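Asks: Let me give you the structure first, and then I'll get to my questions.
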Amino acid sequence: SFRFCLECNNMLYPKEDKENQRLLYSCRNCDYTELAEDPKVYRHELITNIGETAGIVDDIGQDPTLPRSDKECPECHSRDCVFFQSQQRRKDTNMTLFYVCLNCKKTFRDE
Amino acid sequence: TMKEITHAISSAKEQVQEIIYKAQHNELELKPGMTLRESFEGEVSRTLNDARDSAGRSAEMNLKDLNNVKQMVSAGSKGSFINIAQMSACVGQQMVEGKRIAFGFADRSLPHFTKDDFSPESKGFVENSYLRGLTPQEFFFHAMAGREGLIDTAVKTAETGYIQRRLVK
Amino acid sequence: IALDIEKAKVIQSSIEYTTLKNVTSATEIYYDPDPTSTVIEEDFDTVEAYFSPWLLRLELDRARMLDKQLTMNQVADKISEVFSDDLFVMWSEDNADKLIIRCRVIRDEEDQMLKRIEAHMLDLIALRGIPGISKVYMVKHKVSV
Amino acid sequence: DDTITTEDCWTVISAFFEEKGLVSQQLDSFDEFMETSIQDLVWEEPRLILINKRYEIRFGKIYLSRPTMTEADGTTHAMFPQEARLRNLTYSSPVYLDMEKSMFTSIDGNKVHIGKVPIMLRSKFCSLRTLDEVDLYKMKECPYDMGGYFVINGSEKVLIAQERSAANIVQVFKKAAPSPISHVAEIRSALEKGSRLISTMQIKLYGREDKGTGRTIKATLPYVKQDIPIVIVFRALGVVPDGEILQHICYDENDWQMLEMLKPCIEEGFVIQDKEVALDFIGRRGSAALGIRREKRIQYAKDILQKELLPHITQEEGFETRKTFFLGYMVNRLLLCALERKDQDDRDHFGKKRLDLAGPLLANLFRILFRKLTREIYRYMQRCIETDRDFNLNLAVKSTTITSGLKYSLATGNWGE
Amino acid sequence: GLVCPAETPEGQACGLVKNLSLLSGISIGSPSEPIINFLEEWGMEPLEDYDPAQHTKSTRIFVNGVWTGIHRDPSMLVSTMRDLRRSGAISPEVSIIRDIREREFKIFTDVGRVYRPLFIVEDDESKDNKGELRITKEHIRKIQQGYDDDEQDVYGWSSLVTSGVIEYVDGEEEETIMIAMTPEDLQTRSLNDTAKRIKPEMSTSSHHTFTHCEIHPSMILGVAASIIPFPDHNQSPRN
Ligand SMILES: [Zn+2]
Ligand SMILES: [Zn+2]
């Protein structure tokens with residue numbers, strides 16, 4: 001997530017400033033700059049497990065194709081819940097199950 | 001013998017359920033150079049094949065000397081162990097492209113099953129014999145396997161003919 | 001060798017091709033205003049004991065690090081020798097919770113060339129093993145003598 | 001009372017087969033064709049052009065008569081399929097069009113025969129619909145016959161259904177290893193009126209893993225080569241700032257991976273800043289021109305963005321918001337498939353396929369034949385004008401081209417001229 | 001249920017030539033203007049006033065493959081459109097799909113879609129007949145009689161379709177429904193017979209919520225495959 005400009009609405013870029021040796025977000029379309037307090041700029045992970053939660057919506061409770069179980073909910077201890085697997089299409093995706101309750105409609109794993 | 005075959009099939013289904021439970025909790029041992037899903041599929045396929053072989057062996061051992069199919073098999077004129085096994089005990093697991101029946105629909109093989117179902121009956125296992133008949137899902141899976149076999153034979157014949165002609169020339 | 005499983009395992013590990021990409025789990029670009037220290041407290045002790053404001057940070061996988069039977073000294077020496085003295089390297093021992101090996105461009109806007117160097121490190125760097133060997137399996141052969 | 005038994009299911013199936021039959025799809029498709037498609041095709045282009053002596057023509061109602069047989073003696077009589085089969089005739093009915101002259105000194109019921117359309121047996125315009133059992137036996141027709149076939153030269157012809165991929169849908173696929181393109185997004189555009197394919201558009205994601213230098217995303221439109229990167233066409237449709245571009249593409253700001261993947265597109269497209277320069281770049285790369293100056297470039301770009309760019313959505317100016325929204329949705333789907341979150345679309349999924357029956361094929365054939373007839377009549381009227389003579393409006397129309405085209409296409413099976 | 005699984009030619013045409021099933025049908029095509037009018041009347045918002053900052057949970061609505069707008073209550077809209085289609089106001093050959101995972105609402109009125117009919121199982125929780133077929137013995141009696149108990153009309157297949165007991169589903173919609181193979185499967189059966197075949201356990205789910213039921217599985221075969229006696233006791237190449 002990179003910050004955007006204010007008058008031309010363009011994303012900014014890191015740049016080094018020498019008299020105060022500061023990292024700043026700058027725009028080339030115009031002359032708008034701002035201070036950058038985060039050295040964290042580039043992220044590239046070879047193996048990730050982000051996205052296993054999937055796009056769960058409050059309307060997932062009435063899907064008839066999803067299997068139904070009777071697992072113990074953490075907070076409301078409901079006996080009605082559904083379960084599925086990770087949405088990620090990675091080759092090495094694990095088979096850990098994801099459970100969603102019905103009274104509170106929130107997720108919980110086996111951990 | 002039918003009771004023994006049913007007991008063996010039920011025990012195999014329980015073992016497959018145990019394998020599924022182990023795999024879903026990150027307990028299945030990882031085969032060297034293979035993915036977890038591939039290892040789980042191989043384990044399930046091996047268990048189902050062993051179950052089919054055991055049921056066929058029991059059915060063959062039950063056969064009397066006066067049985068005509070056993071006489072044909074012993075003579076070697078026609079028939080084999082697999083024919084008796086499929087006619088009397090169990091058709092077995094249906095395989096397409098070397099794997100079980102894929103999820104053609106959204107995470108399910110047929111719309112009559114729930115999503116993410118890995119039980120044998122949901123992925124092309126025909127636990128009934130030809131004498132007992134086939135359920136509609138088993139019938140469809142058997143038809144898929146037969147169509148795959150026919151296509152494979154048809155594409156193989158032309159390549160074999162061209163290779164033979166090239167060798168002769 | 002064929003009668004000893006340990007020596008066969010050692011030679012199998014030596015034969016297998018392992019590169020930097022095969023063990024690197026994540027890469028980051030950081031801005032370090034002071035060469036003497038660092039903003040993060042995880043590597044603050046490391047930079048204090050072991051001692052262009054841009055830095056390259058690599059995070060590895062412990063299970064895959066021990067799978068190849070590799071130490072930090074080996075990979076640090078490899079990355080040092082592969083680039084000669086054109087890229088300063090600061091490597092941490094196993095005491096660090098995060099498997100961090102930092103790289104700094106030698107002084108003599110530098111985002112594009114630094115990203116190119118990082119891509120070079122990710123792709124072309126090879127630690128040990130015969131190239132072209134994706135996987136090695138141990139097979140038990142029964143012979144008659 | 002009691003639960004539904006198997007006998008009740010068989011009763012339901014018997015009712016189904018009694019109401020519809022076995023060849024219901026053929027008859028329904030042909031009836032829909034003969035009821036709507038002919039009128040739609042003749043009203044699609046009802047303006048033939050050539051005080052300012054504004055010669056205008058009008059195409060009116062389409063009239064169908066029962067299948068009649070006309071002989072060398074000139075006598076016309078009602079014809080039945082048995083007679084056509086015995087005498088090697090064609091079971092067809094004439095079509096009459098109200099071609100009306102509207103000269104009217106410029107700004108300040110003819111029932112013209114246009115051809116013979118073959119009639120499918122047991123269809124609503126066949127003579128064997130209301131006929132009872134006794135008269136069916138009288139006409140040497142088997143009551144067990146189901147129909148659904150044409151009779152051409154005394155031969156029974158059946159139209160096999162044609163299976164094709166569905167149009168106006170977005171499908172994302174992968175690519176082989178020796179190719180710069182990693183993932184591809186394809187759409188086949190066809191308007192609802194007539195269901196005819198116009199053109200196809202293809203979005204490609206250049207750049208293999210650890211290769212390809214910049215991982216740009218490039219669109220490929222009709223009437224153009226040298227595929228244009230997607231950010232420039234975004235700017236060309238009229239969305240200049242990049243923040244709106246990312247809002248159109250990515251609907252969740254938490255997806256930093258999508259933004260990181262899209263960053264090369266912004267880096268490559270930073271060379272283009274305004275809508276006009278993007279339009280000029282498209283015109284220069286748009287072909288169909290060679291040094292034809294900037295105004296023609298921008299006019300061609302306007303034409304290629306208003307028309308032929310997803311024509312199934314709209315074909316008029318001032319409505320590019322939904323066009324760019326659909327394009328952003330397509331890019332989002334492509335990136336979701338590339339991010340290994342959604343599996344690639346299956347080409348064998350039977351729900352993404354359509355079956356062309358006699359209806360659509362006959363509609364396309366009639367459209368082609370009507371276009372040919374209009375071209376021929378235009379040539380005839382321009383020849384009559386340049387020869388300074390008055391036409392009777394009846395010798396200009398050639399029913400022979402339509403009749404022969406339909407007969408030959410149905411008899412041989414080659415679906416074309 | 002759409003093409004015959006057994007009937008196919010041999011050679012270069014193997015698998016490329018198919019035969020329609022007995023209950024299979026082909027869509028004719030209906031105008032999409034009433035669909036758009038109903039959607040607009042039921043609170044559909046256009047794309048002109050779409051604000052992605054606030055519409056982060058709104059579901060997109062696709063009609064004939066184009067994005068026409070967004071909605072905030074997909075469940076109510078889906079239920080209303082399904083009820084309107086089941087009442088005969090909308091043409092029965094209209095495909096209505098709700099992708100909950102992708103948050104999409106697809107409506108198809110195209111030509112060439114292959115569909116098959118299926119029984120309708122009561123879905124609403126308030127109804128006492130939940131989990132049972134909507135069609136009762138009264139419908140069977142009316143079908144056998146040939147008229148409705150009120151000559152004036154005919155009680156046939158169309159009367160059953162417009163009464164909300166049988167509906168058409170295509171391949172795309174089939175991914176969003178749960179189908180029971182036999183009506184006896186709609187009730188959870190509470191022996192050890194060595195002659196009859198063994199049904200699947202289906203024990204992977206604690207509870208089952210079927211939305212449709214097959215009229216008869218043997219209807220999945222084609223015309224030529226319907227002649228074979230006991231095709232389930234044979235090998236598929238023989239069929
Ligand atoms: Zn700016
Ligand atoms: Zn709960």
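Ligands are numbered from 1 in the order shown, residues from 1 within each chain, and chains are lettered A, B, ... in the order they appear in the structure tokens.
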Could the residues that lie within 9 Å of ligand 1, counting only C-alpha atoms and all ligand atoms, be listed as a PDB file with N, CA, C and O atoms, in the first residue's frame?
Replies:
ATOM      1  N   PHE A   4      -0.921   7.927  -2.147  1.00  0.00           N
ATOM      2  CA  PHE A   4      -1.176   8.643  -3.386  1.00  0.00           C
ATOM      3  C   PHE A   4      -1.093  10.148  -3.157  1.00  0.00           C
ATOM      4  O   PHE A   4      -1.094  10.630  -2.021  1.00  0.00           O
ATOM      5  N   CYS A   5      -1.020  10.890  -4.259  1.00  0.00           N
ATOM      6  CA  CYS A   5      -0.884  12.336  -4.194  1.00  0.00           C
ATOM      7  C   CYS A   5      -2.221  12.981  -3.831  1.00  0.00           C
ATOM      8  O   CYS A   5      -3.245  12.310  -3.665  1.00  0.00           O
ATOM      9  N   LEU A   6      -2.213  14.308  -3.706  1.00  0.00           N
ATOM     10  CA  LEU A   6      -3.392  15.053  -3.283  1.00  0.00           C
ATOM     11  C   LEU A   6      -4.024  15.892  -4.383  1.00  0.00           C
ATOM     12  O   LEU A   6      -5.249  16.032  -4.399  1.00  0.00           O
ATOM     13  N   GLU A   7      -3.233  16.451  -5.297  1.00  0.00           N
ATOM     14  CA  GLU A   7      -3.767  17.306  -6.350  1.00  0.00           C
ATOM     15  C   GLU A   7      -3.856  16.630  -7.709  1.00  0.00           C
ATOM     16  O   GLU A   7      -4.774  16.935  -8.472  1.00  0.00           O
ATOM     17  N   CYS A   8      -2.932  15.727  -8.035  1.00  0.00           N
ATOM     18  CA  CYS A   8      -3.008  14.966  -9.273  1.00  0.00           C
ATOM     19  C   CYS A   8      -3.380  13.506  -9.058  1.00  0.00           C
ATOM     20  O   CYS A   8      -3.608  12.794 -10.043  1.00  0.00           O
ATOM     21  N   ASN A   9      -3.445  13.049  -7.805  1.00  0.00           N
ATOM     22  CA  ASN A   9      -3.885  11.700  -7.441  1.00  0.00           C
ATOM     23  C   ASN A   9      -3.014  10.639  -8.125  1.00  0.00           C
ATOM     24  O   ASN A   9      -3.469   9.838  -8.944  1.00  0.00           O
ATOM     25  N   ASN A  10      -1.736  10.662  -7.758  1.00  0.00           N
ATOM     26  CA  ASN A  10      -0.764   9.696  -8.244  1.00  0.00           C
ATOM     27  C   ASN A  10       0.009   9.119  -7.067  1.00  0.00           C
ATOM     28  O   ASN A  10       0.285   9.813  -6.086  1.00  0.00           O
ATOM     29  N   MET A  11       0.354   7.839  -7.173  1.00  0.00           N
ATOM     30  CA  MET A  11       1.098   7.182  -6.109  1.00  0.00           C
ATOM     31  C   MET A  11       2.524   7.718  -6.041  1.00  0.00           C
ATOM     32  O   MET A  11       3.123   8.093  -7.052  1.00  0.00           O
ATOM     33  N   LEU A  12       3.060   7.769  -4.826  1.00  0.00           N
ATOM     34  CA  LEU A  12       4.352   8.381  -4.561  1.00  0.00           C
ATOM     35  C   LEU A  12       5.454   7.326  -4.527  1.00  0.00           C
ATOM     36  O   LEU A  12       5.202   6.120  -4.488  1.00  0.00           O
ATOM     37  N   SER A  26       7.674  11.026  -2.702  1.00  0.00           N
ATOM     38  CA  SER A  26       7.715  12.125  -3.650  1.00  0.00           C
ATOM     39  C   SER A  26       6.865  11.802  -4.872  1.00  0.00           C
ATOM     40  O   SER A  26       6.582  10.640  -5.175  1.00  0.00           O
ATOM     41  N   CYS A  27       6.465  12.862  -5.568  1.00  0.00           N
ATOM     42  CA  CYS A  27       5.669  12.783  -6.785  1.00  0.00           C
ATOM     43  C   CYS A  27       6.450  13.419  -7.926  1.00  0.00           C
ATOM     44  O   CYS A  27       7.069  14.472  -7.748  1.00  0.00           O
ATOM     45  N   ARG A  28       6.440  12.775  -9.095  1.00  0.00           N
ATOM     46  CA  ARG A  28       7.076  13.368 -10.265  1.00  0.00           C
ATOM     47  C   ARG A  28       6.106  14.132 -11.155  1.00  0.00           C
ATOM     48  O   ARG A  28       6.549  14.973 -11.944  1.00  0.00           O
ATOM     49  N   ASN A  29       4.803  13.860 -11.051  1.00  0.00           N
ATOM     50  CA  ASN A  29       3.825  14.625 -11.816  1.00  0.00           C
ATOM     51  C   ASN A  29       3.779  16.073 -11.347  1.00  0.00           C
ATOM     52  O   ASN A  29       3.568  16.985 -12.156  1.00  0.00           O
ATOM     53  N   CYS A  30       4.007  16.305 -10.060  1.00  0.00           N
ATOM     54  CA  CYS A  30       3.952  17.639  -9.475  1.00  0.00           C
ATOM     55  C   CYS A  30       5.102  17.755  -8.481  1.00  0.00           C
ATOM     56  O   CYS A  30       6.041  16.951  -8.486  1.00  0.00           O
ATOM     57  N   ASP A  31       5.046  18.768  -7.622  1.00  0.00           N
ATOM     58  CA  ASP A  31       6.092  19.033  -6.640  1.00  0.00           C
ATOM     59  C   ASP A  31       5.595  18.816  -5.212  1.00  0.00           C
ATOM     60  O   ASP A  31       5.884  19.604  -4.309  1.00  0.00           O
ATOM     61  N   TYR A  32       4.840  17.743  -4.993  1.00  0.00           N
ATOM     62  CA  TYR A  32       4.318  17.405  -3.677  1.00  0.00           C
ATOM     63  C   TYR A  32       5.153  16.289  -3.064  1.00  0.00           C
ATOM     64  O   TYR A  32       5.351  15.240  -3.688  1.00  0.00           O
ATOM     65  N   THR A  33       5.642  16.518  -1.846  1.00  0.00           N
ATOM     66  CA  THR A  33       6.424  15.530  -1.118  1.00  0.00           C
ATOM     67  C   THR A  33       5.932  15.465   0.320  1.00  0.00           C
ATOM     68  O   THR A  33       5.352  16.419   0.843  1.00  0.00           O
TER      69      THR A  33
END
Asks: How would you write, as a ChimeraX atom specification, the set of residues no farther than 12 Å from ligand 2 when counting only C-alpha atoms and all ligand atoms?
Replies: /A:61,70-82,99-108
Asks: Residues of chain A within 12 Å of chain E, counting only C-alpha atoms - could you list those as a ChimeraX atom specification?
Replies: /A:53-71,79-84,87
Asks: Could you take the residues named above and write them with N, CA and C atoms, as a PDB file, in the first residue's frame?
Replies:
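Okay, this is what ended up in result_37.pdb:
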ATOM      1  N   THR A  53      -7.999 -17.800   4.592  1.00  0.00           N
ATOM      2  CA  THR A  53      -9.274 -17.474   5.219  1.00  0.00           C
ATOM      3  C   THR A  53     -10.398 -17.382   4.192  1.00  0.00           C
ATOM      4  N   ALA A  54     -10.062 -17.053   2.941  1.00  0.00           N
ATOM      5  CA  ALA A  54     -11.001 -16.933   1.826  1.00  0.00           C
ATOM      6  C   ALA A  54     -11.970 -15.772   2.009  1.00  0.00           C
ATOM      7  N   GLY A  55     -12.758 -15.487   0.973  1.00  0.00           N
ATOM      8  CA  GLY A  55     -13.706 -14.392   1.018  1.00  0.00           C
ATOM      9  C   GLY A  55     -15.010 -14.769   1.686  1.00  0.00           C
ATOM     10  N   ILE A  56     -14.971 -14.962   2.998  1.00  0.00           N
ATOM     11  CA  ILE A  56     -16.157 -15.346   3.752  1.00  0.00           C
ATOM     12  C   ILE A  56     -17.053 -14.131   3.937  1.00  0.00           C
ATOM     13  N   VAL A  57     -18.345 -14.315   3.676  1.00  0.00           N
ATOM     14  CA  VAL A  57     -19.334 -13.254   3.776  1.00  0.00           C
ATOM     15  C   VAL A  57     -20.419 -13.731   4.734  1.00  0.00           C
ATOM     16  N   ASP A  58     -21.186 -12.774   5.263  1.00  0.00           N
ATOM     17  CA  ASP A  58     -22.261 -13.100   6.194  1.00  0.00           C
ATOM     18  C   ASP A  58     -23.349 -13.950   5.551  1.00  0.00           C
ATOM     19  N   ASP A  59     -23.384 -14.024   4.223  1.00  0.00           N
ATOM     20  CA  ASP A  59     -24.363 -14.822   3.500  1.00  0.00           C
ATOM     21  C   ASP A  59     -23.879 -16.241   3.222  1.00  0.00           C
ATOM     22  N   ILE A  60     -22.725 -16.634   3.768  1.00  0.00           N
ATOM     23  CA  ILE A  60     -22.211 -17.986   3.555  1.00  0.00           C
ATOM     24  C   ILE A  60     -22.950 -19.035   4.369  1.00  0.00           C
ATOM     25  N   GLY A  61     -23.772 -18.622   5.335  1.00  0.00           N
ATOM     26  CA  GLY A  61     -24.436 -19.577   6.205  1.00  0.00           C
ATOM     27  C   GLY A  61     -25.548 -20.364   5.544  1.00  0.00           C
ATOM     28  N   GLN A  62     -26.123 -19.844   4.459  1.00  0.00           N
ATOM     29  CA  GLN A  62     -27.226 -20.504   3.775  1.00  0.00           C
ATOM     30  C   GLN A  62     -26.790 -21.205   2.492  1.00  0.00           C
ATOM     31  N   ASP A  63     -25.495 -21.422   2.311  1.00  0.00           N
ATOM     32  CA  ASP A  63     -25.021 -22.165   1.149  1.00  0.00           C
ATOM     33  C   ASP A  63     -25.329 -23.640   1.372  1.00  0.00           C
ATOM     34  N   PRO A  64     -26.130 -24.280   0.514  1.00  0.00           N
ATOM     35  CA  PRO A  64     -26.479 -25.688   0.751  1.00  0.00           C
ATOM     36  C   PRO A  64     -25.380 -26.670   0.391  1.00  0.00           C
ATOM     37  N   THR A  65     -24.435 -26.288  -0.469  1.00  0.00           N
ATOM     38  CA  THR A  65     -23.391 -27.217  -0.889  1.00  0.00           C
ATOM     39  C   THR A  65     -22.344 -27.438   0.194  1.00  0.00           C
ATOM     40  N   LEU A  66     -22.153 -26.469   1.083  1.00  0.00           N
ATOM     41  CA  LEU A  66     -21.147 -26.605   2.125  1.00  0.00           C
ATOM     42  C   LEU A  66     -21.561 -27.680   3.127  1.00  0.00           C
ATOM     43  N   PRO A  67     -20.648 -28.570   3.509  1.00  0.00           N
ATOM     44  CA  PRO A  67     -20.991 -29.596   4.498  1.00  0.00           C
ATOM     45  C   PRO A  67     -21.198 -28.995   5.878  1.00  0.00           C
ATOM     46  N   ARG A  68     -21.999 -29.686   6.683  1.00  0.00           N
ATOM     47  CA  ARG A  68     -22.345 -29.240   8.025  1.00  0.00           C
ATOM     48  C   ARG A  68     -21.761 -30.191   9.060  1.00  0.00           C
ATOM     49  N   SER A  69     -21.271 -29.624  10.162  1.00  0.00           N
ATOM     50  CA  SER A  69     -20.705 -30.419  11.245  1.00  0.00           C
ATOM     51  C   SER A  69     -21.259 -29.969  12.590  1.00  0.00           C
ATOM     52  N   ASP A  70     -20.710 -30.502  13.678  1.00  0.00           N
ATOM     53  CA  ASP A  70     -21.141 -30.176  15.033  1.00  0.00           C
ATOM     54  C   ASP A  70     -19.936 -29.890  15.920  1.00  0.00           C
ATOM     55  N   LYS A  71     -19.007 -29.087  15.408  1.00  0.00           N
ATOM     56  CA  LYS A  71     -17.817 -28.739  16.165  1.00  0.00           C
ATOM     57  C   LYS A  71     -18.150 -27.708  17.241  1.00  0.00           C
ATOM     58  N   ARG A  79     -23.646 -25.851  18.400  1.00  0.00           N
ATOM     59  CA  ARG A  79     -23.544 -27.186  17.828  1.00  0.00           C
ATOM     60  C   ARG A  79     -23.769 -27.203  16.321  1.00  0.00           C
ATOM     61  N   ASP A  80     -24.014 -26.049  15.704  1.00  0.00           N
ATOM     62  CA  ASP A  80     -24.256 -25.953  14.269  1.00  0.00           C
ATOM     63  C   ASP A  80     -23.159 -25.106  13.640  1.00  0.00           C
ATOM     64  N   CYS A  81     -22.463 -25.675  12.658  1.00  0.00           N
ATOM     65  CA  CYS A  81     -21.395 -24.972  11.965  1.00  0.00           C
ATOM     66  C   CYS A  81     -21.131 -25.666  10.638  1.00  0.00           C
ATOM     67  N   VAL A  82     -20.431 -24.958   9.753  1.00  0.00           N
ATOM     68  CA  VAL A  82     -20.029 -25.498   8.462  1.00  0.00           C
ATOM     69  C   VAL A  82     -18.509 -25.494   8.398  1.00  0.00           C
ATOM     70  N   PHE A  83     -17.967 -26.267   7.459  1.00  0.00           N
ATOM     71  CA  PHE A  83     -16.524 -26.350   7.301  1.00  0.00           C
ATOM     72  C   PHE A  83     -16.166 -26.471   5.827  1.00  0.00           C
ATOM     73  N   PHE A  84     -14.943 -26.059   5.514  1.00  0.00           N
ATOM     74  CA  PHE A  84     -14.410 -26.110   4.155  1.00  0.00           C
ATOM     75  C   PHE A  84     -12.887 -26.118   4.247  1.00  0.00           C
ATOM     76  N   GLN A  87      -8.905 -21.646   0.217  1.00  0.00           N
ATOM     77  CA  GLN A  87      -9.180 -21.237  -1.155  1.00  0.00           C
ATOM     78  C   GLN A  87      -7.926 -21.200  -2.016  1.00  0.00           C
TER      79      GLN A  87
END
Asks: Show me, as a PyMOL selection string, the residues that have an atom within 8 Å of residue C:90 when counting only C-alpha atoms, minus same-chain residues fewer than 5 positions from it.
Replies: chain C and resi 101-103
Asks: B:153, B:24, B:1, B:49: which is nearest residue B:120, counting only C-alpha atoms?
Replies: B:49
Asks: For chain B against chain D, which residues fall within 12 Å using only C-alpha atoms, given as a list in words?
Replies: residues 103, 104, 105, 106 and 107 of chain B
